[PDB]
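K.L.:
Please read through the structure below; I'll follow up with questions.
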Amino acid sequence: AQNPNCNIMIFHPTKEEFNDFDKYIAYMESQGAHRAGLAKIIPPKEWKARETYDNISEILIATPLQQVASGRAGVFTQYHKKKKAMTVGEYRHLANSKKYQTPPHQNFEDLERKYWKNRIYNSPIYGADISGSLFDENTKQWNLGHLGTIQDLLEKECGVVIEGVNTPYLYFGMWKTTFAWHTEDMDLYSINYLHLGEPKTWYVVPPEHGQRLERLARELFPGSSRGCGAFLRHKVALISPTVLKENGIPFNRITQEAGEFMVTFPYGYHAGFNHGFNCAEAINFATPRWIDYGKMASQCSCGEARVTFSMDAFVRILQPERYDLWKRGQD
Ligand SMILES: O=C(O)CNC(=O)C(=O)O
Ligand SMILES: [Mg+2]
Ligand code: NI
Ligand SMILES: [Zn+2]
């Protein structure tokens, strides 16, 4: 068995190997990359996502989200308070202000210490989930706006044509902006490209150990657990590496820098934080190996998780028993 310790693997494809996306994902899996739940892909030196980032300031962040924490430093939830619209140029200036900017630090480990010590005492503003792309249309390789769609994969594997679309999302971050512990919708893959700015630190639980994280979360967030049998789908709970280590939960960590891709694998729980002003692009995708994970994915039916239009068909075809209850949660 390849990668039996479930370490995060880092790949350096050549420009020739960067042509065929599906083939390279299957290669990384042949080497055991999925066992970690997360892999890093450093693009060939010849590749670029676009020519420059000099002209992005007029993108609108219609609904910036202020991430307000409750709890203790290592075990907290966050809720998202909606703020007034602002442009990316306005948000960059805000991220660089004395109130929000990255503090002085020695190295990524010192910054990680400061994040976990101090996160809860601040409320950073995240420009999340903005439909769009920063890949140039002429970028042919690993262009997250030109991937094969999940609907087409389901149709190829299973023979059933379904409605729905699959487009990328932009994320504009600042120091301390936080992504809570989750797997993807329908336990899909995700791919994330850090276009510019400061790093993103990731934490990940191997898929084979995801239920260990779920059991800890039910213990640590006991009210939320009674409210919903899949409350991590709400994407609000944070647990620190120290608390994970105290409780014996297997996990790994890695820092993504600008110019690098990350892939999350089916049922790989992940969480993390931004170091400073940055912009990332991400999308879900599927492969043949996902289908079995989609069939078994948990679902929130309490009404909190509320998701995209395209998840309807995935539930309806892969999980027909659950469909009725899940759709009640959506309406
Ligand atoms: O970058 C972020 O805020 C969160 N991204 C992801 O969870 C992802 O790409 O799967
Ligand atoms: Mg612009
Ligand atoms: Ni994710
Ligand atoms: Zn729920």
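First residue of the sequence shown? That's 11 in the authors' numbering, and the numbers climb one at a time after it. Just so you know, even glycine gets a beta-carbon here, dropped at the ideal spot from N, CA and C.
Can you check which of these residues, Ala49, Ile172, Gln151, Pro216, is closest to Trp191 by C-alpha distance?
P.N.:
Residue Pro216 is the option with its Cα nearest to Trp191.
K.L.:
What distance in whole Å lies between the Cβ atoms of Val214 and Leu48, which are believed to be in contact at a cut-off of 8 Å?
P.N.:
4 Å between Cβ atoms; contact.
K.L.:
With DSSP as the reference, please indicate the residues paired to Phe86 in a beta bridge.
P.N.:
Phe86 pairs with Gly81, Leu248.
K.L.:
Taking the CB atoms as reference points, tell me whether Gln77 and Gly42 lie closer together than 9 Å.
P.N.:
No. Outside cutoff.
K.L.:
Cβ-heavy atom distance between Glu68 and ligand 2 below 8 Å?
P.N.:
Because some heavy atom of ligand 2 lies under 8 Å away, the Cβ of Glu68 counts as near it: yes.
K.L.:
As a quick exercise: from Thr265, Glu229, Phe182, pick the residue whose alpha carbon is nearest that of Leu254.
P.N.:
Per the Cα distances, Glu229.
K.L.:
Would you mind giving the Cβ-Cβ distance between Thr149 and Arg60, rounded to the nearest angstrom? I have them listed as a contact below 8 Å.
P.N.:
Right, the Cβ-Cβ distance comes to about 7 Å (below 8 Å), so this counts as a contact.
K.L.:
Which ranges would you report for the beta strand (DSSP E) in the segment 43-72 if only whole runs of at least 3 residues count?
P.N.:
Those beta strand (DSSP E) runs which fall completely within the segment 43-72 and span 3+ residues are 48-51.
K.L.:
How big is the Cα-Cα spacing for residue 368 and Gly137?
P.N.:
Residue 368 lies beyond the stretch modelled for the chain, which goes from 11 to 341, so this question has no answer here.
K.L.:
Could you give the DSSP three-state label for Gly158: helix, strand or coil?
P.N.:
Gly158: coil per DSSP, three-state reduction.
K.L.:
Closer than 8 Å is the cut-off here; do at least three beta carbon pairs connect the segment 98-113 with the segment 252-266?
P.N.:
The segment 98-113 vs the segment 252-266: no contact.
K.L.:
Three or more C-beta pairs closer than 8 Å, one from the segment 292-312 and one from the segment 228-247: is that the case here?
P.N.:
With the cut-off at 8 Å, the segment 292-312 and the segment 228-247 touch.
K.L.:
Taking 8 Å as the cut-off, is the beta-carbon of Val98 closer than that to any non-hydrogen atom of ligand 2?
P.N.:
Yes.
K.L.:
Need the endpoints of the beta strand (DSSP E) that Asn294 sits in, please.
P.N.:
Run containing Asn294: 288-295, per the beta strand (DSSP E) assignment.
K.L.:
Spatial neighbours of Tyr279 within its chain, please: CB distance less than 6 Å, with the 5 preceding and 5 following residues excluded, ordered by chain position.
P.N.:
Here the set comprises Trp191, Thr193, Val215, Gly220, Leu223.
K.L.:
Should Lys337 be labelled buried (16 or more other beta-carbon atoms within 10 Å of its own) or exposed?
P.N.:
By the 10 Å Cβ count, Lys337 comes out exposed.
K.L.:
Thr274: which of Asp120, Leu198, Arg316, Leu180 sits nearest, CA to CA?
P.N.:
For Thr274, the nearest C-alpha among the options comes from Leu198.
K.L.:
Under 8 Å: do the segment 160-178 and the segment 263-271 share three or more Cβ pairs, one atom per stretch?
P.N.:
Segments in contact, no.
K.L.:
Under 8 Å: does the beta carbon of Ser311 sit that close to some heavy atom of ligand 4?
P.N.:
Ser311: yes, Cβ under 8 Å from ligand 4.
K.L.:
Tell me the DSSP bridge mates of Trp212?
P.N.:
In DSSP, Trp212 forms a bridge with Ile264, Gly282.
K.L.:
Using DSSP's beta-bridge definition, name the partner residues of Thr97.
P.N.:
DSSP lists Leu70 as partners of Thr97.
K.L.:
Beta-carbon within less than 7 Å of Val246's beta-carbon, same chain only, minus the 5 sequence neighbours each way: which residues are those?
P.N.:
Within the same chain, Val246 has close Cβ partners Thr87, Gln88, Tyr89, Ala190.
K.L.:
For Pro134, which residues of its own chain have a beta-carbon under 6 Å away from its beta-carbon, when the five flanking residues on both sides are left out?
P.N.:
Contacts found: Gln77, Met184, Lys186, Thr187.
K.L.:
So, using beta-carbon positions, are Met272 and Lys58 closer together than 9 Å?
P.N.:
Contact flag unset, no.
K.L.:
What's the C-alpha gap between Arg102 and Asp120?
P.N.:
So the alpha carbons of these two residues sit roughly 24 Å apart.
K.L.:
With a threshold of 6 Å on Cβ separation, who are the neighbours of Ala72 within its own chain once the five nearest residues in sequence on each side are excluded?
P.N.:
Answer for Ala72: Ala95, listed in chain order.
K.L.:
Taking the alpha-carbon positions, what's the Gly304 to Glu218 distance?
P.N.:
The alpha-carbon atoms of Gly304 and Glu218 are separated by roughly 15 Å.
K.L.:
Judging by CA-CA distance, which residue of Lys127, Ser40, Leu164, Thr252 is the nearest neighbour of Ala83?
P.N.:
Closest option to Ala83, Cα to Cα, is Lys127.
K.L.:
How many Å lie between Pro330 and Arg236 at the Cα?
P.N.:
Roughly 25 Å between the two C-alpha positions.
K.L.:
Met38 bridges to which residues according to DSSP?
P.N.:
None, per the DSSP bridge assignment.
K.L.:
Hey, how far is the Cα of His115 from the Cα of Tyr125?
P.N.:
One C-alpha to the other measures close to 11 Å.
K.L.:
Tell whether a beta-carbon distance below 9 Å holds between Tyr179 and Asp139.
P.N.:
Yes, the pair counts as a contact, with Cβ atoms nearer than the cut-off.
K.L.:
Would you identify the three-state DSSP class for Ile135, choosing helix, strand or coil?
P.N.:
Strand, per DSSP.
K.L.:
Just to confirm before moving on: does the CB-CB distance between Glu291 and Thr211 stay below 9 Å?
P.N.:
In this structure, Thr211 does not lie closer than 9 Å to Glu291 by Cβ.
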